[PDB]
Amino acid sequence: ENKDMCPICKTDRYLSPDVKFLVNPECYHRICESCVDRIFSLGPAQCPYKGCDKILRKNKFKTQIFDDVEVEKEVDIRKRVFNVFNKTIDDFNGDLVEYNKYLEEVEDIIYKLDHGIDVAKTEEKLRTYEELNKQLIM
Amino acid sequence: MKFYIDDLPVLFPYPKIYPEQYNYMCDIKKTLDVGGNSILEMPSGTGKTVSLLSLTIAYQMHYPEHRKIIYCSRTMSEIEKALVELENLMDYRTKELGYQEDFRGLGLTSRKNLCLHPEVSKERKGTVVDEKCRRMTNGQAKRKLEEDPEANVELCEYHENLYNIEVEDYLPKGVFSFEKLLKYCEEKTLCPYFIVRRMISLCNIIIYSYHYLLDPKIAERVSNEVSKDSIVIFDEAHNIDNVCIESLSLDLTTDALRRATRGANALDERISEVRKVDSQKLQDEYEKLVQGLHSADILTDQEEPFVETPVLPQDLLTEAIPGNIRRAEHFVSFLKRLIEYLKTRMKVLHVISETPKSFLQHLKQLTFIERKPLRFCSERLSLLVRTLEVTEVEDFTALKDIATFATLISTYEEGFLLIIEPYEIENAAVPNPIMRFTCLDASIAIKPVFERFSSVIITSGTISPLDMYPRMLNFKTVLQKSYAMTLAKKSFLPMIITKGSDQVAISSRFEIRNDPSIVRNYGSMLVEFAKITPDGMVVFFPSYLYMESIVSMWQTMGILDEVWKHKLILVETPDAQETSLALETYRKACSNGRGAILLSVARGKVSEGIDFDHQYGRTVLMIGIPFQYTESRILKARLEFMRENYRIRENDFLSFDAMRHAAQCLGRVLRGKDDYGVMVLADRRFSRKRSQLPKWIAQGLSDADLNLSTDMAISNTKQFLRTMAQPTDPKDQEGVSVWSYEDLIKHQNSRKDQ
Ligand code: SF4
Ligand SMILES: [Zn+2]
Ligand SMILES: [Zn+2]
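Chains as they are written, first to last, in my numbering: chain X, 3 to 140; chain W, -8 to 745.
Below, the structure written as structure tokens:
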């Protein structure tokens, strides 16, 4: 937060926190404009956010401004899952139990995705997304 | 005395009577025969409560239909006031009739001021007391107690002795005024709380505050036995919309937002810990979801129900499963996502106001959480916590604040309004945004009781105009009848002090600040009033921040030392224990020798329920007119609604409210027709709002008494106090205005049947 907002500018709340601390949809990290720009400009290099080695991508970042990254992961994961499972049957005929259960199943992957317990079911959730994406293509 | 309404023997508690009481008996009984509302402004100069209780007590025990009576005074000071008087009438009625009571009537306020469990009761805030008793007497904690005889679940043992003898029967016979109820229940070591709540199904008449009728969070236990064919009275019903808008509005601060994260993690901890030990229960409530909203153990809860329904009592709720939310990890991941979309609208840079839907859409824009699952948050959290059976709520306090908001904004539309103030302009440019959310139509809250109840009465000493209420509240009336004060004497002085000695118009509308002309002018008027009025004098600033600024620099000048030579000075502090310690010492000094001066805020707590008798009030004052656009645009928004939904302008609404509380303050110094005292008005605008005052006040405010300088005000009240100090008791002109005992009513009025 006020003590971790970048590899470079970790303390940025009182350093005019107007510059953008982007999460790469694959970084989930607080990267001040200096480092994140430095990175995607050269390209997908890691954001050195506190020993980090995860590739701060090229210009594919999203916006997450300090939204409790446990939520930012929980928010970024749910939308893609809710997009991968976009409308797998939820209003095909108007059912409320199955749709909500399918909904109760829908974000249960996201809750698992936001958790990633011992991951072997999150991988199973990914195969469902590929199955959901394969079903979407057809 | 026992006359007739041509059908109703009336055991009026006093052998004497008053004329306006009888016209009230006439028109209320005229209102009780035909289903109507008939707002009846009863000037507090007479005893409206005595006239109210004597006839309805007659009506219900004369007629066989209206078995239940309801009487909603604003505050709990007025609750016991009705309780003690009903007790006196009841005794007097027995004193003439014998034993024809078969009557139970109990007041109904709360746990904290009724909890006889000391440790529970020694606490201060409402929350811990009630919750102590809960963990102390919980249908789970008790289960934790009898199933596991152990030290962990205490019980009040008042709840238990409630449970033993009391929940078969009732308290012996009394109309237990709060003084009487507690003593008995403390003598019977009975929790008068768990007692009185369970004889709601048994009391003939019930006395409770507006919140329990209007605040839906506590208006859930509504039982049709007290409700169905019952007869309803609204006493002191001018502050109805404010209580309604109060009972439906909501706030948020980034700091409270921080608290929810802790609970959300603490839930993310609390959900995680129960599920490892016992998730087979947590699934058990998942199928208890898929069948329905789980009413078997979310509403049928003796001591369990955790999160109340901030929404109206269960009208606008659907019964299905909350979409995704069936899962608790959903719910916490869902709650993990909702607490963060507020923080970004929290930090919204300036004031922005949204409708519940556009915000709901804008929410749906950033995150597609449907309105329908969103609406289910309140009871969804309530149950889980009890399935969590959590030990503490403090980590979860900011959690239920959000459940109230999400249910509200996802349910209501087109009557409410969001607004995003990112600061308080009184300390602007600091981190303290607020997510203000409030209602605009006060008809909404009253519509169900107007939809539910048939025979209702609206009665106050102050209601003016009696038509603003049918407009705002959107309801039908029959006898909107008020009565004038027919007196054989003057008995009070309303004055318009527009000018000071400098002949200078005065106000608090200029600022909430100092302008040594007006301030010293105000200081001069106060110090001379402190010289002239007898023991008991009160004043009413438009705003406390007006009081604080003006008073502080009044001690700066020598104005405070002089009144300290004459009288006692007793301030109104926000903490009311000090205020109470002030007020009783004001009344004590009023009943004692050295004069007592009580200075309060027109919009403050003292004006709501506290009375000023002969000695406790002589000369009320009103420095300027109470106005609120000192503060931000929330009134503008509702006023805009007041302007768009109703044909009500800015000034007409503001002057109505300003004179609504102006009228509310002036009438307390008077108790009966034998009471007197000065009600001076001190502002230029009071010259033009003489009509906005209630009739009985307006009848007393004459043309020559307009825009008076402060100087001839003192001469007028000087002769007033002298002449009033005389014992002007003809006892035959009082045959006109007292209508001597049972005859001048039976002689003259039974001649008046023309
Ligand atoms: S009602 Fe009973 S359990 Fe509740 S606070 Fe009072 S004494 Fe304690
Ligand atoms: Zn940096
Ligand atoms: Zn990162």
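We put the CB at the ideal spot given by N, CA and C, even for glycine.
- Using beta-carbon distances, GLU631 (chain W) does not count as an interface residue toward chain X, since no partner is under 8 angstroms.
- In the three-state scheme derived from DSSP, where H, G and I count as helix and E and B as strand, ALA587 (chain W) is classed as strand.
- For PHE87 (chain X), no CB of chain W lies under 8 angstroms from its own CB, so it is not counted at the interface with that chain.
- Look at which beta carbons fall closer than 6 angstroms to any heavy atom of ligand 2; those residues are X:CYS8, X:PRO9, X:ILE10, X:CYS11, X:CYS34, X:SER36 and X:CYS37.
- For ligand 3, a non-hydrogen atom lies closer than 7 angstroms to the CB of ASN26 (chain X).
- For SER508 (chain W), there is no enclosing beta strand (DSSP E); the residue is found in the alpha helix (DSSP H) stretching over 507 to 523.
- The stretch 303 to 312 of chain W makes no contact with the stretch 345 to 356 of chain W: fewer than 3 CB pairs, one atom from each, lie closer than 8 angstroms.
- Around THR701 (chain W), the same chain offers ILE488, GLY491, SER492 and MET516 as residues with beta carbons nearer than 6 angstroms, after the five sequence neighbours per side are excluded.
- The beta carbon of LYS86 (chain W) sits closer than 7 angstroms to no other beta carbon from its chain once the five residues preceding and following it are set aside.
- Of the candidates W:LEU284, W:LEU672 and W:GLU157, W:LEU672 places its Cα closest to the Cα of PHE520 (chain W).
- Taking all protein chains shown into account, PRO507 (chain W) has fewer than 16 neighbouring C-beta atoms within 10 Å of its C-beta and is therefore exposed.
- Residues of chain X with a Cβ closer than 9 angstroms to the Cβ of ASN423 (chain W) do not exist; the shortest Cβ-Cβ separation is about 16 angstroms.
- For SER455 (chain W), no alpha helix (DSSP H) encloses it, and the DSSP letter there is neither H nor E.
- The beta-carbon distance between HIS150 (chain W) and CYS182 (chain W), rounded to whole angstroms, is 5 angstroms. This is short enough to meet the 8 angstroms contact definition.
- Contact residues of the stretch 91 to 105 of chain X toward chain W are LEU98, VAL99, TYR101, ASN102, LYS103 and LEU105 (C-beta to C-beta distance below 8 angstroms).
- Chain-order list of chain W residues neighbouring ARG82 (chain X): empty, with the shortest C-beta distance near 12 angstroms, by a criterion of under 9 angstroms.
- Buried is the label assigned to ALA394 (chain W), since at least 16 other Cβ atoms lie within 10 Å of its Cβ.
- For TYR113 (chain X), at least one C-beta of chain W is nearer than 8 angstroms to its own C-beta.
- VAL217 (chain W) and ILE60 (chain W) have their C-alpha atoms some 8 angstroms from each other.
- Take the alpha-carbon of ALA319 (chain W) and the one of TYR277 (chain W): they are about 9 angstroms apart.
- Among the residues facing chain X, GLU331 (chain W) is included, as its CB has a counterpart in that chain under 8 angstroms away.
- Burial of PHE185 (chain W) is indicated by the presence of at least 16 other C-beta atoms within 10 angstroms of its C-beta.
- The closest heavy atom of ligand 3 lies less than 7 angstroms from the beta carbon of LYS56 (chain X).
- When 8 angstroms is used as the limit between beta carbons, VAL108 (chain X) is near these residues of chain W: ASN315, in chain order.
- Looking at the DSSP output, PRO485 (chain W) sits in a beta bridge with W:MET670.
- In this structure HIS341 (chain W) is exposed. Its beta-carbon is surrounded by fewer than 16 other beta-carbon atoms within 10 angstroms.
- Distance from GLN356 (chain W) to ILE222 (chain W) at the Cβ level is roughly 51 angstroms; contact not present, criterion being Cβ atoms closer than 8 angstroms.
- With its beta carbon at least 8 angstroms from every one in chain W, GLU3 (chain X) lies outside the interface.
- Between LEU153 (chain W) and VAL144 (chain W), the CB-CB gap reaches or exceeds 8 angstroms.
- Residues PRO347 of the same chain have their beta carbon placed closer than 6 angstroms to that of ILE400 (chain W), with the five preceding and five following residues left out of the count.
- Secondary structure note for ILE79 (chain X): it is in no beta strand (DSSP E), and the uninterrupted alpha helix (DSSP H) holding it is 72 to 86.
- Minimum Cα-Cα distance from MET459 (chain W) among the listed residues W:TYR637, W:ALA567 and W:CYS17 corresponds to W:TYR637.
- With contact defined as three or more Cβ pairs closer than 8 angstroms, the stretch 594 to 604 of chain W and the stretch 657 to 664 of chain W are in contact.
- Across the structure, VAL597 (chain W) and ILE410 (chain W) are spaced so that their CA atoms are roughly 31 angstroms apart.
- It is roughly 30 angstroms from the alpha-carbon of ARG250 (chain W) to the alpha-carbon of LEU536 (chain W).
- When Cβ-Cβ separations below 8 angstroms define contact, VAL281 (chain W) makes contact with chain X.
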